[PDB]
RNA sequence: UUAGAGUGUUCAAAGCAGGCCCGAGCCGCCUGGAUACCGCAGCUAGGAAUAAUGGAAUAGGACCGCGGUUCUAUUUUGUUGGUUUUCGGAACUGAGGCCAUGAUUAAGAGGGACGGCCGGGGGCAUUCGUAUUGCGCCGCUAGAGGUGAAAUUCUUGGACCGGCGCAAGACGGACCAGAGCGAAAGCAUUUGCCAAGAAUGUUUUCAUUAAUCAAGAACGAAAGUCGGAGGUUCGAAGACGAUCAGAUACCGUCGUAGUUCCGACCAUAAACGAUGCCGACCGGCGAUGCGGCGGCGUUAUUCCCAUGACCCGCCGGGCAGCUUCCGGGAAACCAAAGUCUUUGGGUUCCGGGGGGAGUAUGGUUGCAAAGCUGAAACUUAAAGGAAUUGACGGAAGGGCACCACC
RNA sequence: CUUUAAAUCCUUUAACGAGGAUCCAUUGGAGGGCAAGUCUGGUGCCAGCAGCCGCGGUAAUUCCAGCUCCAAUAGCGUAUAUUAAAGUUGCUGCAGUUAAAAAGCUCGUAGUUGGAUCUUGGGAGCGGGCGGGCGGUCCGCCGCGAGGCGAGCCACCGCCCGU
């Protein structure tokens, strides 16, 4: 999501292992992170690397350090 | 459609061994399947086979031999943390004295006795005895 | 005929968390309505006074008149029928006696010829019903 | 025990199987030449045609696509399988 | 088996093993590349262009004698269709049926076949949209669609 | 704490304790109280088979090349203090370069195009065939219908029968089959028209686009409901006549709803193959439908030729059949209900003894009928499937007997 | 006496302290499952027993008792919760034609699974090491210091087999 100004909402997929079966179970937990207001040109659906921080807000703890996907997208 | 292309090949020889034929052909081919049958041939469980080549896929012919009893496949491709390996070869094998289970590994595909010496693990493929 | 996948651990799990409910040996023991209708509060035994003494017949194949007691509990104030298991030990039971009642021996079911009675009597006014029979004790008169 | 070679079968059993079920699959058609009746500009034409062909040397139709194999209007020289 | 009507059909073509020039008629890629344009300009989908080159001209496969298949040729020059050749026809069948459907209302067979065909198209849109051939903001309407097609 | 090592708490459960050497002469010595296990998550570092995932396609990697702008200083006579250069780097910018210049194959996966067909596939119009009922006209007569037997019924107001026509509504007999198509319910008069579809045939195209499926959506026989038009036959309900002890049933004469048609609701059937979908493999055989192929003779033509119709075979996909100890199963049976303790191709729904019950209540859809979702209290020792022997049949096939008949 | 703030019990030495009821062993059974009586008296579909199948209406192997035997032995039955048995909750591991059981059929989003392919190949290469026939050797017998063998302590070498 590219909603409310100066912060974005990121899904985060990962696998949880059930002990009983020998099989995994997909989950996901999505969290808000601040942003550098330098940035337009941060599309959605693209990977990002995020770092920990002091509790910026009620639900804003992690903060964005560098975005990581532009080649699999449109014109140069 | 076809999903576990290892599974279909093994059932193709297993059903052909039960009848008593000498040769059998399997429809698809792969390194996973070629490196599989070589494990059997390295133990003498089968004869000597040929790998027809095309541009499409390749189709292996195998010269079966009356030495293997059953050639199963185990899916999904599990893990073997080398502490579960002794459980597997006791609830999936006829006995400890004979029969081997093949499990893929960071050092190639190899039957479990190889895994113990190279002291590693990895995902599991199938079994024969 | 199965899921058997490798990222399917949830479906194998929310299926068995669903089909367990059809195991009546489990639906009873894990649903609050099963214990609620138990005259005992799930207890092993339950005291309660005797409000009359009645006899009850036997089923078709063999005839008799099993002797019983209409014990009312004090825990819930319910009313239950209690078999008096012994040979002619309905002479020590009397009205307003506070007898001790136990499960009959089939975990909440009748047993044999007795129709609809799931409870037997172990003590009578704080003396053992076995003790009264063999005579070791004696109920003061 | 019905032990027969699936590697070296007769060149005549291979016609007793589908276009796909042979040892190494190969099309059942064959590219053929035609002498263009009345003229000497010899053109190529595919045996299992699904389209007509019209000859400036004839001004009349040459091959007629019917079913799954072509039928030629007038006989001509027919080379085959130079591929 | 098929995707919507049952039956494990099997009538597909079968390429030869030999990957060489026919060596009966070369007419090398300079001619063919500049030849396909005449057929593509005259108006023929890349599906039909292979026929006329195969049936009369004589070509094993355009991918053999020339460099690349009939779309990669038509991609560079600027003769790639507006819509992919399989999608364009699927809309035609979806449009003609809808035309017949607004007249013969109780023709329950068409009202069914239209449901399969709109499902085929919407499956191709959700595939092309990933491969960037079609823009993300594309949407099949069933009303604005007949204006795209003759 | 579990495991386990060392140790004689008299043994053990335990405990982390103890053993020497001598009166004691040393102004004491030797030691113990360890190890493994402790997922999942986080950190670290070797392995890179399998499984995700990535990279230059309308230009991108390479060559410390020669050019601009714009700036950030280190330190040289000015030790410090202000000014100009170059270098190094950083930002955008000018020509050609070395790329073997970058696009794996095209699946007995799939979509799509193409060609000749095929099919009681679907819709709309068109057309025919007898039959039934009604009626007009003419003929001859006294009975006609109907059942096991009759009667209600039909005629002295000429019925039933025979002939020529007229009107109506339904229905497609015989051809019609273990034959065809459709997802299933289902579909059979000639002709036309509209649009679709499987299968084959392909040295065409795209290059993974595909399998299965909660929530959701289209179709869903019969019956039933709502409005309009028609109502031949049959006909729930109804009134009668019979048989019966009763017969508000079977049987017979009438007969409303209904049956058929156009427009909407309803979403249920032993809607059955009581047998999920897709994919692979394991026996033979004679035929059947469609397509294409190879064929020697015949028949339609005066000519192989275009093509039918016969006749011999092959290949794919169908509906199905016969046989076999491949192999399963409780067995009847099964080329799937096989490849199942020698169990694991992928995926959906669903059952846990019988009854209470598919009931009560709650939610929800429905004009109504009802449909979907859906318990417990209590009760019970058996409910239930296949085969085997008998008994029995107002069940058929043979045969005998005056305790049977003629 | 010892133990311990103080006593208490075990431990150590005293004076007494066993002839069958002294110093007396039970709790549940004897139809089957399930070890052990087709023994005697009573009761007569009564009393009652019995987890279940079942016994009781004149000969009760089951009731009430006597005798004899059986189970566990300072413990043993009863009640209920619970685990194994349970392949009757089944991921290893269940079933669905008829025994309960597959939506009427199709489409289909979440969800699950997804064809093939990027040295699936060698060198008298170089060397270290396990066992192994080997050519050699320090080495061990043998020999006359002219000589004969390679495996058996020690292994070494160029080489092959053993994935």
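Residue numbers in this text run from 1 along the chain shown.
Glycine too: its Cβ is placed from the backbone N, Cα and C atoms.
Swiss-Prot lists E:26 with the feature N6-acetyllysine, giving similarity to another entry as the kind of evidence. Sequence annotations record features per position, and here Swiss-Prot assigns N6-succinyllysine to E:26, E:33. Annotated ubiquitin cross-link per Swiss-Prot: E:26, in sequence order, evidence recorded as similarity to another entry. According to Swiss-Prot, the feature phosphoserine maps to E:29, an assignment based on similarity to another entry. Taken from Swiss-Prot, the feature phosphotyrosine applies to E:37. Per Swiss-Prot, SUMO2 cross-link is recorded for E:42, and the stated evidence type is similarity to another entry.
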Which listed residue (E:26, E:33, E:42) has most other Cβ within 10 Å, given these are recorded positions: E:33
Reduced DSSP assignment, residue E:37 (phosphotyrosine): helix
Residue pair residue E:29 (phosphoserine), the residue listed as 'phosphotyrosine' - Cα distance, angstrom, rounded: 12
Rounded distance in angstrom between the Cα atoms of the residue listed as 'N6-acetyllysine' and residue E:33 (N6-succinyllysine): 13
For residue E:37 (phosphotyrosine), the number of other Cβ atoms found within 10 Å of its own Cβ: 14
Between residue E:42 (SUMO2 cross-link) and residue E:33 (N6-succinyllysine), the C-alpha gap once rounded to whole angstrom: 15
Neighbour count (Cβ, 10 Å) for the residue listed as 'phosphoserine': 16
